[PDB]
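Just final11.cif here, mmCIF, C-alpha atoms:
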```cif
data_model
#
loop_
_atom_site.group_PDB
_atom_site.id
_atom_site.type_symbol
_atom_site.label_atom_id
_atom_site.label_comp_id
_atom_site.auth_asym_id
_atom_site.auth_seq_id
_atom_site.Cartn_x
_atom_site.Cartn_y
_atom_site.Cartn_z
ATOM 1 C CA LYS E 53 -19.340 -52.879 157.279
ATOM 2 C CA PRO E 54 -17.338 -49.641 156.799
ATOM 3 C CA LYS E 55 -17.539 -48.030 153.348
ATOM 4 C CA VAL E 56 -15.328 -49.432 150.586
ATOM 5 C CA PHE E 57 -14.245 -47.497 147.508
ATOM 6 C CA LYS E 58 -12.968 -49.445 144.512
ATOM 7 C CA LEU E 59 -12.939 -49.544 140.700
ATOM 8 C CA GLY E 60 -16.281 -48.111 139.529
ATOM 9 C CA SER E 61 -16.934 -45.975 142.634
ATOM 10 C CA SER E 62 -17.648 -42.293 142.084
ATOM 11 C CA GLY E 63 -18.353 -39.094 144.006
ATOM 12 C CA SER E 64 -16.732 -36.499 146.244
ATOM 13 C CA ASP E 65 -15.197 -39.134 148.582
ATOM 14 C CA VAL E 66 -13.458 -40.680 145.547
ATOM 15 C CA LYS E 67 -12.267 -37.218 144.527
ATOM 16 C CA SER E 68 -10.708 -36.715 147.983
ATOM 17 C CA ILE E 69 -9.040 -40.164 147.760
ATOM 18 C CA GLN E 70 -7.576 -39.017 144.434
ATOM 19 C CA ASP E 71 -6.403 -35.722 145.966
ATOM 20 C CA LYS E 72 -4.641 -37.697 148.711
ATOM 21 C CA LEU E 73 -3.035 -39.999 146.134
ATOM 22 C CA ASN E 74 -1.788 -36.860 144.360
ATOM 23 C CA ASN E 75 -0.321 -35.647 147.654
ATOM 24 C CA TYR E 76 1.529 -39.018 147.731
ATOM 25 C CA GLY E 77 2.887 -38.301 144.235
ATOM 26 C CA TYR E 78 0.743 -40.474 141.939
ATOM 27 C CA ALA E 79 -0.179 -37.718 139.423
ATOM 28 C CA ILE E 80 -3.661 -38.941 138.519
ATOM 29 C CA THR E 81 -6.773 -37.052 137.486
ATOM 30 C CA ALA E 82 -8.901 -36.153 140.501
ATOM 31 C CA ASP E 83 -12.287 -36.295 138.768
ATOM 32 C CA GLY E 84 -14.262 -38.327 141.339
ATOM 33 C CA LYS E 85 -14.341 -41.475 139.188
ATOM 34 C CA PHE E 86 -12.394 -44.454 140.558
ATOM 35 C CA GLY E 87 -10.907 -45.756 137.312
ATOM 36 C CA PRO E 88 -7.924 -47.981 136.550
ATOM 37 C CA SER E 89 -5.407 -45.186 137.276
ATOM 38 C CA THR E 90 -6.871 -44.814 140.791
ATOM 39 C CA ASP E 91 -6.917 -48.578 141.311
ATOM 40 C CA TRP E 92 -3.253 -48.901 140.300
ATOM 41 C CA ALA E 93 -2.204 -45.937 142.476
ATOM 42 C CA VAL E 94 -4.006 -47.467 145.475
ATOM 43 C CA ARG E 95 -2.233 -50.803 144.863
ATOM 44 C CA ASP E 96 1.149 -49.083 144.780
ATOM 45 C CA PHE E 97 0.274 -47.107 147.904
ATOM 46 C CA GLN E 98 -0.694 -50.312 149.695
ATOM 47 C CA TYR E 99 2.555 -52.054 148.677
ATOM 48 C CA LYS E 100 4.663 -49.079 149.882
ATOM 49 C CA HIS E 101 2.803 -49.075 153.201
ATOM 50 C CA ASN E 102 3.135 -52.848 153.731
ATOM 51 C CA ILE E 103 -0.625 -53.425 153.806
ATOM 52 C CA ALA E 104 -2.767 -55.783 151.711
ATOM 53 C CA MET E 105 -2.556 -54.842 148.019
ATOM 54 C CA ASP E 106 -6.117 -55.204 146.742
ATOM 55 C CA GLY E 107 -6.791 -51.764 145.177
ATOM 56 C CA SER E 108 -9.748 -51.046 147.515
ATOM 57 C CA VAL E 109 -9.929 -48.148 149.966
ATOM 58 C CA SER E 110 -11.578 -48.690 153.340
ATOM 59 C CA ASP E 111 -10.644 -47.421 156.835
ATOM 60 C CA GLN E 112 -7.139 -48.879 156.955
ATOM 61 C CA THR E 113 -5.977 -47.369 153.676
ATOM 62 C CA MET E 114 -7.908 -44.125 154.287
ATOM 63 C CA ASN E 115 -6.175 -43.648 157.627
ATOM 64 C CA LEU E 116 -2.770 -43.920 155.926
ATOM 65 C CA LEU E 117 -3.854 -41.626 153.063
ATOM 66 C CA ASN E 118 -4.570 -38.979 155.725
ATOM 67 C CA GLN E 119 -1.020 -39.121 157.119
ATOM 68 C CA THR E 120 1.506 -36.586 155.827
ATOM 69 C CA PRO E 121 3.732 -38.143 153.143
ATOM 70 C CA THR E 122 7.381 -38.860 153.979
ATOM 71 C CA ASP E 123 10.433 -39.799 151.887
ATOM 72 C CA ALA E 124 9.685 -43.447 152.616
ATOM 73 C CA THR E 125 6.100 -43.274 151.298
ATOM 74 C CA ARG E 126 6.019 -40.528 148.602
ATOM 75 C CA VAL E 127 6.294 -41.331 144.891
ATOM 76 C CA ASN E 128 8.272 -39.089 142.538
ATOM 77 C CA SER E 129 6.386 -39.023 139.220
ATOM 78 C CA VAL E 130 9.185 -36.886 137.773
ATOM 79 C CA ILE E 131 12.618 -38.567 137.759
ATOM 80 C CA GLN E 132 15.824 -37.043 136.374
ATOM 81 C CA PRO E 133 17.767 -39.137 133.850
ATOM 82 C CA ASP E 134 20.526 -41.426 135.114
ATOM 83 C CA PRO E 135 24.025 -40.006 134.386
ATOM 84 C CA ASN E 136 25.177 -43.241 132.637
ATOM 85 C CA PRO E 137 26.588 -42.019 129.293
ATOM 86 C CA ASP E 138 24.512 -44.641 127.396
ATOM 87 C CA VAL E 139 21.389 -42.635 128.336
ATOM 88 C CA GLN E 140 22.548 -39.583 126.364
ATOM 89 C CA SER E 141 23.894 -41.801 123.562
ATOM 90 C CA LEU E 142 20.606 -43.664 123.087
ATOM 91 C CA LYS E 143 18.256 -40.808 124.091
ATOM 92 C CA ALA E 144 17.120 -39.712 120.623
ATOM 93 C CA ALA E 145 16.639 -43.210 119.223
ATOM 94 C CA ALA E 146 14.924 -44.571 122.347
ATOM 95 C CA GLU E 147 12.590 -41.566 122.653
ATOM 96 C CA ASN E 148 11.700 -41.839 118.946
ATOM 97 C CA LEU E 149 10.919 -45.540 119.496
ATOM 98 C CA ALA E 150 8.646 -44.871 122.471
ATOM 99 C CA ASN E 151 6.951 -41.768 121.063
ATOM 100 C CA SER E 152 6.089 -43.331 117.708
ATOM 101 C CA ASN E 153 4.420 -46.417 119.191
ATOM 102 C CA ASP E 154 1.471 -47.247 121.433
ATOM 103 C CA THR E 155 2.547 -47.089 125.097
ATOM 104 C CA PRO E 156 -0.471 -47.856 127.305
ATOM 105 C CA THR E 157 0.290 -46.986 130.911
ATOM 106 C CA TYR E 158 -1.415 -45.878 134.137
ATOM 107 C CA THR E 159 1.617 -44.106 135.583
ATOM 108 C CA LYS E 160 4.088 -41.446 134.420
ATOM 109 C CA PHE E 161 6.498 -44.207 133.380
ATOM 110 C CA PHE E 162 6.983 -46.831 130.702
ATOM 111 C CA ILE E 163 9.486 -49.634 130.177
ATOM 112 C CA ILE E 164 10.525 -51.266 126.913
ATOM 113 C CA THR E 165 12.565 -54.450 126.595
ATOM 114 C CA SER E 166 13.908 -55.098 123.137
ATOM 115 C CA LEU E 167 14.778 -58.793 123.018
ATOM 116 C CA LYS E 168 16.788 -58.544 119.769
ATOM 117 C CA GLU E 169 19.030 -55.943 121.492
ATOM 118 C CA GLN E 170 18.942 -57.503 124.966
ATOM 119 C CA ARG E 171 18.392 -53.923 126.197
ATOM 120 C CA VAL E 172 15.896 -52.256 128.539
ATOM 121 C CA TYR E 173 14.745 -48.643 128.180
ATOM 122 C CA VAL E 174 12.979 -46.781 131.005
ATOM 123 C CA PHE E 175 10.973 -43.604 130.378
ATOM 124 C CA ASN E 176 9.272 -40.815 132.348
ATOM 125 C CA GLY E 177 6.493 -38.657 130.879
ATOM 126 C CA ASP E 178 3.288 -39.429 128.998
ATOM 127 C CA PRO E 179 2.383 -41.188 125.731
ATOM 128 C CA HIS E 180 4.086 -39.519 122.747
ATOM 129 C CA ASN E 181 6.116 -37.347 125.157
ATOM 130 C CA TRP E 182 8.521 -39.814 126.748
ATOM 131 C CA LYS E 183 11.907 -38.933 128.188
ATOM 132 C CA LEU E 184 14.585 -41.617 128.504
ATOM 133 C CA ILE E 185 15.658 -41.813 132.168
ATOM 134 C CA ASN E 186 17.647 -45.074 132.122
ATOM 135 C CA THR E 187 18.879 -47.876 129.900
ATOM 136 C CA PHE E 188 20.886 -51.034 130.506
ATOM 137 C CA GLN E 189 21.585 -54.517 129.187
ATOM 138 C CA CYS E 190 19.524 -57.575 130.131
ATOM 139 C CA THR E 191 19.540 -61.351 129.684
ATOM 140 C CA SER E 192 16.141 -62.738 128.690
ATOM 141 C CA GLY E 193 14.920 -66.348 128.578
ATOM 142 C CA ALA E 194 16.695 -69.064 126.595
ATOM 143 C CA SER E 195 15.076 -70.316 123.370
ATOM 144 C CA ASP E 196 13.374 -73.295 125.095
ATOM 145 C CA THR E 197 11.800 -70.969 127.697
ATOM 146 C CA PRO E 198 11.567 -67.601 125.931
ATOM 147 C CA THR E 199 10.466 -64.383 127.601
ATOM 148 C CA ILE E 200 6.836 -63.527 126.897
ATOM 149 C CA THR E 201 6.282 -60.751 124.328
ATOM 150 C CA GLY E 202 3.433 -58.275 124.342
ATOM 151 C CA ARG E 203 2.106 -55.367 126.368
ATOM 152 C CA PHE E 204 1.629 -55.557 130.137
ATOM 153 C CA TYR E 205 1.504 -53.505 133.341
ATOM 154 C CA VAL E 206 3.752 -53.723 136.424
ATOM 155 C CA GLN E 207 1.663 -56.163 138.564
ATOM 156 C CA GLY E 208 3.741 -56.851 141.695
ATOM 157 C CA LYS E 209 7.150 -56.693 143.331
ATOM 158 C CA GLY E 210 9.391 -58.064 146.046
ATOM 159 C CA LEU E 211 12.811 -57.542 147.599
ATOM 160 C CA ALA E 212 13.846 -61.154 146.981
ATOM 161 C CA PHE E 213 12.703 -64.584 145.730
ATOM 162 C CA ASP E 218 18.515 -73.095 146.501
ATOM 163 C CA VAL E 219 19.264 -69.849 144.571
ATOM 164 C CA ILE E 220 18.035 -66.286 145.163
ATOM 165 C CA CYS E 221 17.356 -63.235 143.018
ATOM 166 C CA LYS E 222 16.868 -59.682 144.268
ATOM 167 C CA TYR E 223 14.471 -56.838 143.439
ATOM 168 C CA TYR E 224 11.879 -58.512 141.260
ATOM 169 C CA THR E 225 9.170 -56.679 139.354
ATOM 170 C CA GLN E 226 6.306 -58.778 138.006
ATOM 171 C CA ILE E 227 5.322 -58.553 134.338
ATOM 172 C CA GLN E 228 2.762 -61.374 134.283
ATOM 173 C CA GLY E 229 2.563 -64.579 136.363
ATOM 174 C CA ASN E 230 6.080 -66.010 136.715
ATOM 175 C CA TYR E 231 7.552 -63.649 134.125
ATOM 176 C CA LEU E 232 9.574 -61.086 136.084
ATOM 177 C CA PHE E 233 12.354 -58.567 135.833
ATOM 178 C CA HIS E 234 14.947 -59.508 138.497
ATOM 179 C CA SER E 235 18.624 -59.468 139.454
ATOM 180 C CA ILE E 236 21.302 -61.906 138.411
ATOM 181 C CA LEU E 237 21.009 -65.138 140.448
ATOM 182 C CA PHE E 238 22.924 -65.701 143.700
ATOM 183 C CA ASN E 243 28.008 -66.208 144.790
ATOM 184 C CA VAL E 244 26.791 -65.431 141.245
ATOM 185 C CA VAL E 245 25.057 -68.216 139.275
ATOM 186 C CA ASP E 246 25.271 -67.817 135.462
ATOM 187 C CA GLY E 247 25.848 -69.973 132.333
ATOM 188 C CA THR E 248 23.514 -72.720 131.086
ATOM 189 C CA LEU E 249 22.444 -73.423 134.692
ATOM 190 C CA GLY E 250 21.524 -69.750 135.256
ATOM 191 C CA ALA E 251 19.277 -69.733 132.171
ATOM 192 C CA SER E 252 17.571 -73.024 133.125
ATOM 193 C CA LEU E 253 16.656 -71.723 136.605
ATOM 194 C CA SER E 254 15.557 -68.266 135.361
ATOM 195 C CA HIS E 255 13.174 -69.724 132.731
ATOM 196 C CA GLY E 256 11.397 -66.837 130.913
ATOM 197 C CA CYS E 257 12.527 -64.025 133.248
ATOM 198 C CA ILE E 258 14.571 -60.935 132.394
ATOM 199 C CA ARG E 259 17.821 -60.800 134.394
ATOM 200 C CA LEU E 260 19.555 -57.537 135.262
ATOM 201 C CA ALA E 261 22.532 -56.291 137.218
ATOM 202 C CA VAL E 262 21.398 -55.902 140.841
ATOM 203 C CA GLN E 263 21.501 -52.081 140.699
ATOM 204 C CA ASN E 264 19.299 -52.057 137.588
ATOM 205 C CA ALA E 265 16.693 -54.495 138.933
ATOM 206 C CA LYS E 266 16.694 -52.259 142.035
ATOM 207 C CA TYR E 267 16.192 -49.210 139.808
ATOM 208 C CA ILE E 268 13.056 -50.706 138.241
ATOM 209 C CA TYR E 269 11.822 -51.779 141.678
ATOM 210 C CA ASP E 270 12.394 -48.294 143.174
ATOM 211 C CA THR E 271 11.176 -46.186 140.239
ATOM 212 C CA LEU E 272 8.201 -47.780 138.452
ATOM 213 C CA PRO E 273 4.858 -47.706 140.287
ATOM 214 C CA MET E 274 2.309 -50.493 139.955
ATOM 215 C CA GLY E 275 0.416 -49.997 136.703
ATOM 216 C CA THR E 276 3.448 -48.844 134.712
ATOM 217 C CA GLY E 277 3.151 -49.991 131.100
ATOM 218 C CA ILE E 278 5.553 -52.598 129.786
ATOM 219 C CA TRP E 279 6.325 -53.493 126.156
ATOM 220 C CA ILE E 280 8.461 -56.549 125.381
ATOM 221 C CA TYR E 281 9.143 -57.443 121.726
#
```
Turn this file's structure into structure tokens for me.
Amino acid sequence: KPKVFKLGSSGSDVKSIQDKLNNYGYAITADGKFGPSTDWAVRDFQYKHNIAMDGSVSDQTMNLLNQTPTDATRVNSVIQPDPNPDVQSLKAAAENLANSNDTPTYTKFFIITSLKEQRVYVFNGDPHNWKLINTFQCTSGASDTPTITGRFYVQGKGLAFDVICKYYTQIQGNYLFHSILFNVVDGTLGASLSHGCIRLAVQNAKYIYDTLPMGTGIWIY
């Protein structure tokens, strides 16, 4: 078979894969060792290119990595804060929260959901140097199907999933961030159908979907 590079691979070919991922905007260390950050970047790359998301690089992925990036395929690992006035209002407190705690991540982003506040905070930067780029309200799971707590990584995504939700981002298994249910479906019925998921205004689910690459750290508490 053709050569396959994956988690654990090393050498100058890996280094060039990493250089190409950096050209695509993934901001990883190009050291020639295919670690988790390279795996996650490859998975995101594959998702954005509508090819199988397995985290391995063979001919198909390599061919695409050799194309010039475009607006459709390039990741921005620096994002300017949203102009929503709540960003500025909560900036200091949210940044203090993120910077003073463990925030494991494989991207230049991090997302916190505080269940007691029913609020989401989205950051750009690195551990202990996070900048708040967005914040918004959420609705998490009802008490009989509560949202999972813990630390996770963005695992998967989709544009949509007899009711529909838009712009889902997978936390773990069936626990997702997604839009309000759709004609809007809310109330006790909306909570029963959403189970443990985190519901957001459509624009905010879309924001997470558009901004956070696979491997972005997640903290829910």
Tell me which residues the PyMOL selection byres ((chain E and resi 266) around 12) grabs here, as number ranges by chain.
-> E: 209-212, 221-225, 233-236, 259-265, 267-272
Exactly which residues make up the result of the PyMOL selection byres ((chain E and resi 171-173) around 9) on this file, given as a PyMOL selection string?
-> chain E and resi 139+146+162-170+174-175+184-191
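Between residue E:254 and the residues E:161, E:78, E:204, E:231, the shortest atom-to-atom distance, using all atoms listed in the file, involves E:231.
Matched in the shown structure by the PyMOL selection byres ((chain E and resi 180) around 10): residues 147, 148, 149, 150, 151, 152, 153, 154, 155, 177, 178, 179, 181, 182 and 183 of chain E.
Residues within 9 Å of residue E:87, counting only C-alpha atoms and excluding same-chain residues fewer than 6 positions away, are residues 58, 59, 60, 61 and 62 of chain E.
Between atom CA of residue E:98 and atom CA of residue E:55 the separation is 17.4 Å.
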Hey, could you pull the box centre and edge lengths for stretch 75-90 of chain E, axis-aligned, 8 Å padding per side, all listed atoms, to one decimal in Å, as AutoDock Vina command-line options?
```
--center_x -5.7 --center_y -41.8 --center_z 142.1 --size_x 33.2 --size_y 28.3 --size_z 27.2
```
Can you tell me, as a compact mmCIF listing (two decimals) with C-alpha atoms, in the frame of the given file, what residues are no more than 9 Å from residue E:159 when counting all atoms listed in the file, ignoring any on the same chain fewer than 4 positions away?
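Writing the result to result.txt gives the following:
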```txt
# COMPACT_ATOMS: atom_id res chain seq x y z
CA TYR E 78 0.74 -40.47 141.94
CA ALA E 79 -0.18 -37.72 139.42
CA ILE E 80 -3.66 -38.94 138.52
CA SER E 89 -5.41 -45.19 137.28
CA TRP E 92 -3.25 -48.90 140.30
CA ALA E 93 -2.20 -45.94 142.48
CA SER E 129 6.39 -39.02 139.22
CA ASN E 176 9.27 -40.82 132.35
CA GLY E 177 6.49 -38.66 130.88
CA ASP E 178 3.29 -39.43 129.00
CA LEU E 272 8.20 -47.78 138.45
CA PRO E 273 4.86 -47.71 140.29
CA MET E 274 2.31 -50.49 139.96
CA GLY E 275 0.42 -50.00 136.70
CA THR E 276 3.45 -48.84 134.71
CA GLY E 277 3.15 -49.99 131.10
```
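Comparing E:63, E:243, E:203, E:250 by their smallest distance to residue E:227, the closest is E:203 (using all atoms listed in the file).
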